[PDB]
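Q: Take this sequence and fold it.
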Amino acid sequence: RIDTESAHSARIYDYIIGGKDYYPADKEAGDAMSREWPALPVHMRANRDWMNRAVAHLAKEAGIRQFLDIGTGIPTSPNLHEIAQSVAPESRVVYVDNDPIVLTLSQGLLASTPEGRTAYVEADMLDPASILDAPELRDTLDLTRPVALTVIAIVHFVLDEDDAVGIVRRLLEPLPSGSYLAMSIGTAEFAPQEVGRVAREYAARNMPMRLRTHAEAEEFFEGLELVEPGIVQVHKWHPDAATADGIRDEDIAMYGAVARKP
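A: Numbers count the residues shown, from 1 in each chain. Shown next is the structure:
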């Protein structure tokens with residue numbers, strides 16, 4: 001099932017951020033991409049750090065106790081549920097990915113506090129019903145209470161013919177008032193040549209990307225209430241004292257944003 005001879009996006013990301021869950025094809029891809037854009041590891045680490053700050057905000061400040069994470073990727077410490085459950089042990093998280101390697105690594109995702117619950121669903125976001133009607137999900141989350149929908153480091157792999165904005169908003173539909181949408185969205189605006197070349201290395205390896213402008217990112221959040229500072233480069237979203245240390249704008253190719261559903 002794993003297909004170790006071709007590169008996969010989750011495995012390249014893990015290779016670059018220092019994990020072990022990758023194969024030679026993933027290393028070759030990551031190394032080629034870093035040659036085009038030396039900041040690639042700074043970008044990928046900053047996206048992970050952003051997830052950590054966004055989930056902590058959602059759990060602590062917003063009081064959210066249920067999360068639906070679309071495109072979970074390779075488990076990496078701390079995982080989303082470990083952050084949420086440290087704030088409130090009763091928190092519940094459903095993780096979702098379509099890369100078969102994630103299923104093989106799913107024990108760490110399933111290691112919940114006793115007060116809380118977690119589950120893992122192998123599914124494709126192109127079929128929202130397969131996610132929303134999954135028994136693992138319906139046994140885990142109560143969709144009559146607020147949920148944070150997290151769609152992090154995935155949407156740029158959905159090209160326009162499948163309507164990424166529509167898919168995301170279809171997943172948000174069943175979540176009640178007071179739910180949230182949190183996303184990171186890939187952009188070429190801050191380093192067009194280097195990021196463009198990286199995107200073309202992904203396309204050459206059968207992972208075409210759709211990078212977006214700020215205006216295009218805004219489409220996902222129409223009708224929702226953005227948390228300040230709005231849609232900004234990830235290292236500028238609620239930074240800690242060290243968040244942007246030595247990081248230039250050109251070194252970051254993700255927008256991040258969190259918004260409340262009225």
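Q: Could you use CA atoms for every contact and neighbour count after this?
A: Noted.
Q: For residue 106, the count of nearby residues, please.
A: Other residues near residue 106 come to 16 when the count uses other CA atoms under 10 Å.
Q: I misspoke; the intended subject was residue 24.
A: 14.
Q: now residue 35
A: Residue 35: 13 neighbours (other CA under 10 Å).
Q: how much space between it and residue 79?
A: Distance of residue 35 to residue 79, given as CA to CA, to the nearest Å: 29 Å.
Q: And residue 149, by the same measure?
A: Here the criterion is CA to CA. By it, residue 149 lies 15 Å from residue 79.
Q: cool, residue 107 as well?
A: Taken as CA to CA, the span from residue 107 to residue 79 is 12 Å.
Q: okay, those two: which has more neighbours?
A: Relative neighbour count places residue 79 above the other of residue 107 and residue 79, with 16 against 13, counting by other CA under 10 Å.
Q: Strands of this protein, start to end?
A: 66-70, 92-97, 117-122, 148-152, 180-186, 225-226, 232-233, 254-260 (DSSP state E).
Q: for this structure, what's the longest helix?
A: helix 40-60 (DSSP state H).
Q: Just the C-alpha atoms of that helix, please, in PDB.
A: The C-alpha trace of helix 40-60 is given here as PDB (Å, rounded to 0.1, in the frame of the first residue of the first chain):
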ATOM      1  CA  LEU A  40      12.300  25.400   2.700                       C
ATOM      2  CA  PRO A  41      13.100  24.000   6.200                       C
ATOM      3  CA  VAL A  42      12.400  27.400   7.900                       C
ATOM      4  CA  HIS A  43       9.000  27.500   6.100                       C
ATOM      5  CA  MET A  44       8.000  23.900   7.000                       C
ATOM      6  CA  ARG A  45       9.100  24.300  10.700                       C
ATOM      7  CA  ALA A  46       7.200  27.700  10.900                       C
ATOM      8  CA  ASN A  47       4.000  26.000   9.600                       C
ATOM      9  CA  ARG A  48       4.300  23.300  12.300                       C
ATOM     10  CA  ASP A  49       4.900  26.000  15.000                       C
ATOM     11  CA  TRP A  50       1.900  27.900  13.700                       C
ATOM     12  CA  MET A  51      -0.300  24.900  14.100                       C
ATOM     13  CA  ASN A  52       0.900  24.600  17.700                       C
ATOM     14  CA  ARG A  53       0.000  28.300  18.500                       C
ATOM     15  CA  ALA A  54      -3.400  28.100  16.600                       C
ATOM     16  CA  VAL A  55      -4.500  24.900  18.400                       C
ATOM     17  CA  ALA A  56      -3.400  26.400  21.800                       C
ATOM     18  CA  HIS A  57      -5.400  29.500  21.100                       C
ATOM     19  CA  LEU A  58      -8.500  27.500  20.000                       C
ATOM     20  CA  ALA A  59      -8.300  25.300  23.200                       C
ATOM     21  CA  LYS A  60      -7.300  28.000  25.700                       C
END
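Q: could you say what helices and strands it packs with?
A: When contacts are defined as 3 or more CA pairs under 8 Å, 6 or more residues apart in numbering; DSSP states H and E, helix 40-60 packs onto helix 9-17, helix 24-36, helix 80-87, strand 254-260.
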